[PDB]
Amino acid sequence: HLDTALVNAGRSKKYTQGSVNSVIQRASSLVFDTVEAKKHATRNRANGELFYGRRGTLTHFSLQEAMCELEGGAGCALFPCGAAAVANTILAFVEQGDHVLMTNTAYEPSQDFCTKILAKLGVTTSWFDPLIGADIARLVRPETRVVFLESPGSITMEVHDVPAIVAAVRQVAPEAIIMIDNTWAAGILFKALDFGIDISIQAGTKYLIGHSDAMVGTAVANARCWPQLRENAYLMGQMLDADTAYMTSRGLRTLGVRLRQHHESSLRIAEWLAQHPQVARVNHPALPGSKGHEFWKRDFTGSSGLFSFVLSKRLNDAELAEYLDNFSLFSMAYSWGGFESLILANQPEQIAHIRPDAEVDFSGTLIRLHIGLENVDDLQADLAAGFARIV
């Protein structure tokens, strides 16, 4: 069962050496006792033998083993943050002339990587609606090489129909590299590699770490794509420091108890918001009526704590400040996936600007919440006080 796997994944004796957790091996240089030992390490430098710190130490090997088991992949590449994982995993599979097909609900830095970096390297990008399902077939070009998913979407939380998207992509381009940003699910609430996706990318920064105090990107690839991902990310010098690798493994151990609380609390708050006269719409994958909710219920095994809702009106700048500045428990900050609750606002035109090939369908101010581990009645009380300030 998954809770037993979260506790045990990666904690083999060769990495833990008697402690419960892996050792922390801090290292650039790794010492070869003999020429024959150096030859053996050289041959196995991509297969978990100590060779060089850029390839990893015992601590990295342990985390890689854990992520491969939890996400069901053949290998796991480590990056200094989620944006690095997205950028470098896409880059590992394109050449000049290739085309990228990305959901227009992709995390904004992911879009910006395509339009600002890939574009000047001769790699084009086009977009698709997250609910496009099987109609994505007509958007696959002869030169399309990567299809990039993100389910639920960033900020607006639309859930893909991945079985329909994958089936349609494979009909037109069987050898396409299908990737997903699986951060919201922490890679475990949606088993992407079981759905025909080639690579599952996460900002471990969010729920894997779970305490908002470390940054880490991971990419777990199937056997078909792992050697190319591994070697091309390595050619860009991509790695994670040993101590953060340790903290990522450590975060796995409480991921189950944390996510169950994030799910329980955020769904309760979402249900209350959906009955609220000052709320026009609630974008929570687990709430019935939300875009792609039926796909979430069929394809996911749980929910995390991040969602959004649209207010009944567009706040003016004075109301936005009166609303946001005076919360007692919710804090304004970027990122999410930690133990504390956060709030951020976007006006409709701010979302429209980052929805290429699409138009927004709401006019109220959008509020994105991360529901942390605080008492749910206290968080509700905080939100209710905010509603009172803008009524």
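In this text, residue numbers run from 1 along the sequence as written.
*Asks:* Quick one: say whether 241 to 249 or 314 to 322 has the higher mean Cα B-factor in the deposited entry.
*Replies:* Taking the mean B-factor of the alpha carbons in each, 314 to 322 is higher.
*Asks:* Can you let me know which of the two, 336 to 344 or 30 to 38, has the higher average C-alpha B-factor in the entry?
*Replies:* Higher mean C-alpha B-factor: 30 to 38.
*Asks:* So if I compare the CA B-factors in the entry for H211, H160, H293, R260, which one is the largest?
*Replies:* Across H211, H160, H293, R260, the entry lists the biggest C-alpha B-factor for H293.
*Asks:* For the listed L193, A185, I178, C76, which has the peak Cα B-factor recorded in the PDB entry?
*Replies:* Across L193, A185, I178, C76, the entry lists the biggest C-alpha B-factor for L193.
*Asks:* Using the temperature factors of the C-alpha atoms in this entry, rank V23 within its chain: lowest, middle or highest third.
*Replies:* According to the entry, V23 has a C-alpha B-factor in the chain's lowest third.
*Asks:* Which third of the chain does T144 land in by C-alpha B-factor: lowest, middle or highest?
*Replies:* Ranked within chain, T144 CA B lands in the highest tercile.
*Asks:* Among the chain's modelled residues, which third holds the C-alpha B-factor of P285?
*Replies:* Its C-alpha B-factor, which the entry lists for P285, ranks in the lowest third among residues of this chain.
*Asks:* Taking the C-alpha B-factors as the PDB entry records them, is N47 in the lowest, middle or highest third of its chain?
*Replies:* Within its chain, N47 is a highest-third residue by C-alpha B-factor, going by the deposited values.
*Asks:* Where does the C-alpha B-factor of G72 rank in its chain, lowest, middle or highest third?
*Replies:* Its C-alpha B-factor belongs to the middle third of this chain's values.
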